[PDB]
Amino acid sequence: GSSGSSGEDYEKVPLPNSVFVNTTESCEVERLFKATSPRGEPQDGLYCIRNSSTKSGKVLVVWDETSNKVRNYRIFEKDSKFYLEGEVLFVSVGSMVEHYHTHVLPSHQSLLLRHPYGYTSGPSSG
């Protein structure tokens, strides 16, 4: 073609733009999850990062397959480290995610981050 610079390349990335949605409506997120799914049903652990009413704000939203609903986890910004509870922050989202992988998220019992939103996985693994 005449014009170039077309195509995104995000491999082996910690936080893919996929999870980052320009949708400030929790309700929408719930629909997307099931949408992006080829079986109209998201997988337990499906998490993402949407925006909030606030200016330049974000909120970690995870899919509670156990309850068949979505949660809300405000992502504050202190000392240049994203935190949800406070004293516990993370220089970068990536680290935070890895931390939760073993430390279930608050306001729940066994809600950990398995697979992000938008991103897709191969059947080989499973």
Seminar exercise, completed: The answer for the net charge of residues other than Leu113 whose Cβ lies under 13 angstrom from its Cβ, with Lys and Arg +1 and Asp and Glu -1, is -2
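Taking the chain, how many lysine pairs are there with alpha carbons less than 20 Å apart, if each pair must be eight or more places apart or span two chains? Mind showing how you got there, number by number?
Details: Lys34/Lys69; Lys55/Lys78; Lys55/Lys81; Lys58/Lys69; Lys58/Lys78; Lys58/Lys81.
For the chain, the number of qualifying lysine pairs is 6.
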Problem set entry | the range 80-126-the range 1-69 distance, computed between alpha-carbon centres (Å) | 14 Å
For this session: Answer with one residue from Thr23, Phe90, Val62: the one whose Cα lies farthest towards the positive end of the charge dipole of the chain, charges on Cβ with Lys, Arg +1 and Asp, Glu -1.
Result: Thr23
Problem set entry | Which of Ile75, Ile49 has the fewest Cβ neighbours within 10 Å, and the rest in rising order | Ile75, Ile49
Problem set entry | Nonlocal amide H pairs with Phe20, under 5 Å, H built at 1.01 Å | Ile49
Exercise. Relative contact order (percent) for the chain, with alpha-carbon contacts under 8 angstrom and 6 or more residues of separation?
Worked result: 22 percent
For this session: Could you please report the charge total around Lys58, scoring K, R as +1 and D, E as -1 over all other residues with beta-carbon less than 12 angstrom from its beta-carbon?
Result: +2
For this session: Would you tally the net charge around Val88, using a Cβ to Cβ cut-off of less than 13 Å, leaving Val88 out, and scoring K and R as +1, D and E as -1?
Result: -1
For this session: Over the residues of the chain, compute the C-alpha Rg and express it relative to 2.2 N^0.38 Å.
Result: 1.11
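Would you order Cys48, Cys27 from fewest to most other beta-carbon atoms within 10 Å of each residue's own beta-carbon?
Details: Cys48 23, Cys27 9.
Listing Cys48, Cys27 from fewest to most nearby Cβ atoms yields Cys27, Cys48.
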For this session: Can you put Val62, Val19 in order of Cβ neighbours within 10 angstrom, beginning with the fewest?
Result: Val19, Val62
For this session: Compare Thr23, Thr36, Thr54 in a GNM of the chain, Cα atoms joined below 10 Å, and give the one with the largest fluctuation.
Result: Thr54
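Just so you know, all these numbers are worked out from the coordinates, no wet-lab data involved. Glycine gets a Cβ as well: all are built from the backbone with ideal geometry, and neighbour counts include every protein chain shown.
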